[PDB]
Amino acid sequence: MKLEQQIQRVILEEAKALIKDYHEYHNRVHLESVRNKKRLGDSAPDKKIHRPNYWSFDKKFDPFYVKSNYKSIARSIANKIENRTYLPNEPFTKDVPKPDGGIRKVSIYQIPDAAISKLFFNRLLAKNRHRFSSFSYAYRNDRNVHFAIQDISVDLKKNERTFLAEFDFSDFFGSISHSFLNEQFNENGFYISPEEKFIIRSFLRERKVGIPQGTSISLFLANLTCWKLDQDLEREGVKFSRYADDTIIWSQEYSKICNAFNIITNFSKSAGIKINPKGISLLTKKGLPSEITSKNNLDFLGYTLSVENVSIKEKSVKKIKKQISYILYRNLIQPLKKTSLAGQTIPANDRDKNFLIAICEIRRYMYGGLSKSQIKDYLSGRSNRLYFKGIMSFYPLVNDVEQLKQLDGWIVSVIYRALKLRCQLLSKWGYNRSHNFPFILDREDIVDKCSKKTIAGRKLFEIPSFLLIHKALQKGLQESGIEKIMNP
Amino acid sequence: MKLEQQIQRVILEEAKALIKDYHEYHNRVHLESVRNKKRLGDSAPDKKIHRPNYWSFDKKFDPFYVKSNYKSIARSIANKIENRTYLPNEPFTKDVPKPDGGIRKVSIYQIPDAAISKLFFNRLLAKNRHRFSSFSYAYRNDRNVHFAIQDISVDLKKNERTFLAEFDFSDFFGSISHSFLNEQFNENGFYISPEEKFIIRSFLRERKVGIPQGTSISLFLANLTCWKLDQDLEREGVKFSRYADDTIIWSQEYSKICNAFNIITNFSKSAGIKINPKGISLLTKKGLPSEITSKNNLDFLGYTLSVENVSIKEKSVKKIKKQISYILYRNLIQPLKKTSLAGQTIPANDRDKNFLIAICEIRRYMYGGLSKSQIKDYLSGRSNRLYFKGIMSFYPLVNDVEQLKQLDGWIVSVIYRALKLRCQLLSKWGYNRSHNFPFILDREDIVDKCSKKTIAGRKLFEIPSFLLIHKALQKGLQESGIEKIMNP
Amino acid sequence: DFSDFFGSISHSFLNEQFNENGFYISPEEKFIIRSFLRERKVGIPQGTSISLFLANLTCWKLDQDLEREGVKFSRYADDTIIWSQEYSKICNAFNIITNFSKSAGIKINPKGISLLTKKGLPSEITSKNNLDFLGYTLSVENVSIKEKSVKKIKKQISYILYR
Amino acid sequence: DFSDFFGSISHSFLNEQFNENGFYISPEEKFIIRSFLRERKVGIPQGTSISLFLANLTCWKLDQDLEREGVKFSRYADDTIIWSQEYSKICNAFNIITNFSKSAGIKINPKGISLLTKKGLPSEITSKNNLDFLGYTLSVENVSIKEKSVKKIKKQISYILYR
RNA sequence: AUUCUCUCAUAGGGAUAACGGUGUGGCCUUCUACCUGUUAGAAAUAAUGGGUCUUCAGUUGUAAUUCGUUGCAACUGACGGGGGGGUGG
């Protein structure tokens, strides 16, 4: 297996995956444009298939071109690596505003450069796994971050009083002395071959200071850079997790967390660059007081972790409510707020197709399309497997029944109100439909009536419930684990 | 995928693997008996193909019978699991003397029971992997134990004064209250499904107290029982590794190791069973003194780890010397110490076939059959891969060049002395061959002369050297890692 | 060994402790204390009715400091034994005793420091698997009669039979 | 022994310390420091006018760390002695010196660790009741002249009389 | 041309219209409780078209119990938010 063959393999697969993604993109756009024509009648806009803009910045960003000449590309890349002249091209970088007011520098390397990054740095991470800390992650969407969440959650329950602290490492990785990185190359039992060292130095040379974040090489260089910070924090007895440019350190002792602060400051000085807290607090059982500034809830990604429960963060609940509310608005209100209703089917005969489309869209967003019969079959023993998709697949560690119960109520209420406004708008247009099925149900009757309705023998009006799929998720976590549900 | 199909798959594969092993066993015995007939002439004994004795204790121990009726076996096992009546049969146990004077209770479960143990406890270990400690191992032959060795080695170098302590957990696992195990089932975030809990309780019910050691279910129940000991030791800041019934805890502070002693005592009291040290010492750079009782070498499996180097334990070196010496004795002396030399080819014409056989056997034991040309091709860049087999594949972390150099000298000296005694015995029988090639070389000439000789165009006389394959091991650990070289 | 402490303890230190640690000493009891101390010149009379009170009154701060360090201890006559599960604690207790000695103007000397472990198990520091507490030998496994005491018992029985 | 530290200390480390710890080094003083270091290649010239400044500038962080640990210390030429009343402190000082050694890219080796106690009283760890500080033997009880110094004095007096 | 093929190949040449995907339905097959017409049929079932629950906690009875707990009834306790304006207890 020569290096050129490996490079050809990886580049071809990367380009092929991007081509598959684009094909599915435009196919989805066509299907959605058909449905939107049916929805908004003549007012429905026209399709506009785009192509990722960065594809035109350079031709090696474009997957189609890279597939066209991946053999020559890999031939030259292999020669450049063997002659120690390879230097990755400039990533198409795009700084994006962050909620704190900072900038997250998104970096997209060209397909050959990204393929090389994967090929080499995945090997490096695999061969140096046991030298790294447990909860070190590169992307905040990394699925395995949930394991760190589990850890903290468990402690926050077992330890009814936990001192936590949060840190931002954004400037550390934006500007870390490459000399410090190069020093760490031969420490901590790391196994980096001379060619892998050359590739590391090449990607660092294309940069000037700092590690490219949100990239294939991010995790390795971050772990290689922070290995002494992790060792010092582990000797202090503090537990910690780094995800992207964030770090959370927790302990049952205040002295430990303060010493961790000192450790981080010393490591910052050794790095020639500063790490600043977002800073330090105590999480305690609700009701119980605290000495130091305290908070009874911690926002870990899309989770609010408390000593009592794991819940969905308020921003995430707002996002979920936004999606459901927009589904109902787009299917049941927006079409009827257009200038003309030409080509828009009007509910009649006790059938509102728009309501079926909206309920099914909400079911996909929540359940992934599962029927309540399927979920109960899984929860009873009838079925030995249930596919876990939708929003709740991203919140597998939630155990707050009250939050899900409140969201159930909110779904029913919003369905009632959107249907009511739809009836009002329809009557304004000239269609009186208050007596029909979709618009006659009281809010306390929607769930039952919809549960009973059946089209094609399948109950496609049942109002999706978060609590049912939460029960299913708990059973699937006790049967498969986080990794299995998170990705089947 | 029903449970019966899973059981059938796993049982069929276990029985098939055992059948393949037996087939290769008797085939190897026949090949070896052919070569032994050629070696020892008429005096050579006759082949005696055995069958593992436990195969007759029960019919489900025998792989052939299990393959005969694995469908019925799995059918009944599945019904027993679903009706919650399954109980593993009695393992064929054989308690064996241990070097400390204790007994290591070997347990072989019948093929169906061992298949169930793998099927379920491998799933449990995979799904709870992030809940366990880093360096927890079930068998002392576990390849991954080398990662723990690496860690300690690295620390013993970086920390030039490290306090260590060793413990024996044999009696813990021999008699651990099953109530304690059952209590741990719903702690530390463990995901154990109800059926997995039933299987755990069933394997524990077949036993009465203790966890079966050296089995598929050993690691899960050991980690599940020792999860709190690991958590307390991790908060103390001590680093530790458990392998089979042994535990090593190291730190850079004395107070930490003493607090770990206290932690282990408290966990023993909570368990109702005691853990006893083998006990506590300080490793320091050689030459530097120590305050407490100190040792400048630590025996970790087949390794002697010191602040300066990782070397092969003295017992492992004695075993290596035993094997090489017996190769030379069996091939060059034993045949000639027999009553008659009927059918034993006598060295003549400057060719000793027995010497080629011995050199090749030593090369297989040491290199795996590699030629020094192959190893140098790998060490130069000509070859991108070298298969790492033989004895040194079990000591990949060795970095003591003096030890390997001394073993090289010993190999050459033993080759000379055995050849000399072979010449003496041959002349006793009536064959004067001191002038012939095998018996004329001085000790300081064996390596060169043998390197020059070539049979079939391949240098099959070159005296195997530990230092060459050690250089190759270092390159292959900087290129692939421990896992790749240990298993390809 | 606290023998020299009680043989020569500044009576000023004792008189200072009179109104500390919540002690209730009436004026007449203070007069009697001072009278028995005046019949003496320095030190507390040992093996007497007044020994325990004045010793406890003098060592009240040493006891409080040792109790905050987490060490357990017992004083009997002119002897003190301090035990712990931590080495740092016992060394800190040594420092506490030295500081209290300086505050008293008189020194306390060990008989000194060791570790008691289960028999067979080794030790880092100088270790002993048996501690002589009065007529007892106390070990991690058993409580036995000290060897001197067993000799005394054998002496009595043997002399009974001889006589 | 700091001998090899000063024989080979990275001049980059020295130059990094120039603007830390509140040091006031003028640009011309920096030029003279760099010039003397350039005449050398690695290490500080020992037994010279520039020795103390560069040694103190190089060891300022080791001194701060040891001072935070509560250990007391003295560096004289290529020698360092660190004393404390706690064992944990001296071990942590060992760790500090090793870390500072790594940061400097040069190793510092002990001559190593012991306990000085009043004569007669025992010790747990390897102990010595005398410490050789230059021409002095310092003990818990007295400061005396080292045996080599007494031999040298006797040599001189004896040779006066002989001559 | 995003297909196919050549150049000591992160770029350039050619030759052909194909290549790469998407929704629906079909078969294959993975797992899926019960009651039912009406089609086949001799009660063995299959495709079909309608319907019901299926989870968790405690109490009590019962059987096992290596003293962690486990199977079965069978009774109730939850199992679809919040807010604004009036209004009754």
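Residue numbering restarts at 1 for every chain, and letters A, B, ... go by the order of the sequence lines. Just the heavy atoms: all of them, side chains too, but no hydrogens, waters or symmetry mates, feed the values below.
Not a single donor-acceptor pair, N or O on each side, falls under 3.5 Å between the base of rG50(E) and the side chain of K452(A). Between the side chain of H23(A) and the base of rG20(E), a donor-acceptor pair under 3.5 Å is found. Counting distance only, with no hydrogens placed and no angle test, the side-chain atoms of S76(A) and the base atoms of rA9(E) include no donor-acceptor pair under 3.5 Å. Applying the 3.5 Å distance criterion, the base of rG83(E) shares no donor-acceptor pair with the side chain of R417(A).
Considering only heavy atoms from C-beta on, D352(A) comes within 4.5 Å of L419(A) through its side chain.
Within 4.0 Å of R205(B), counting heavy atoms only, lies at least one base atom of the nucleic acid.
Taking the six-membered ring where the residue is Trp, the centroids of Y25(A) and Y22(A) are separated by under 6.0 Å. Between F439(A) and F355(A), the distance separating the two ring centers is not shorter than 6.0 angstrom. Here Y109(B) and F203(B) bring their ring centres to under 6.0 angstrom of each other. Ring pair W55(A)/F64(A): centre-to-centre distance below 6.0 Å.
Comparing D113(A) and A456(A) by the nucleotide of RNA chain E whose heavy atom lies nearest to each, the residue mapping closer to the 5' end is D113(A).
The phosphate of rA11(E) (OP1 or OP2) has a side-chain N or O of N69(A) nearer than 4.0 angstrom. At least one side-chain nitrogen or oxygen of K67(A) sits closer than 4.0 Å to the OP1 or OP2 atom of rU3(E). Put simply, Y378(A) has no side-chain N or O that comes within less than 4.0 Å of OP1 or OP2 on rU55(E).
In this entry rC75(E) has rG58(E) as its Watson-Crick or G-U wobble partner, both defining distances falling under 3.5 Å. For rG14(E), the paired nucleotide is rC4(E), the pair qualifying as Watson-Crick or G-U wobble because both relevant distances are below 3.5 Å.
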* In the 5'-to-3' direction, what one-character label does each nucleotide of nucleotides 23-38 of chain E receive under the scheme B = base within less than 4.0 Å of a protein heavy atom, S = sugar-phosphate only, - = no such atom? -> S------BBSB-----

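Between the side chain of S380(A) and the backbone N or O of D377(A), at least one donor-acceptor pair lies under 3.5 Å.
Distance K405(A) NZ to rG77(E) P: 16 Å, rounded to the nearest Å. Between the CG atom of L467(A) and the P atom of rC56(E) there is a distance of 15 Å, given to the nearest Å. Atom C1' of nucleotide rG82(E) and atom OH of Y416(A) are separated by 16 Å, given to the nearest angstrom. Spacing between atom CD1 of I49(A) and atom P of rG20(E) amounts to 21 Å, rounded to whole angstrom units.
Ion pairing between a basic and an acidic side chain is recognised when a charged N comes within 4.0 Å of a carboxylate O; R35(A) and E32(A) show no such pairing.
Regarding nucleotide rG49(E), the torsion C1'-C2'-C3'-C4' is less than zero, so its sugar is described as south.
Geometry at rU52(E) and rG26(E) does not meet the Watson-Crick or G-U wobble definition with both required distances under 3.5 Å. Nucleotides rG71(E) and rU45(E) fail to qualify as a pair under the Watson-Crick or G-U wobble definition, as the contacts are not both shorter than 3.5 Å. Nucleotide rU7(E) is annotated as paired to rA11(E) [Watson-Crick or G-U wobble, both distances under 3.5 Å].
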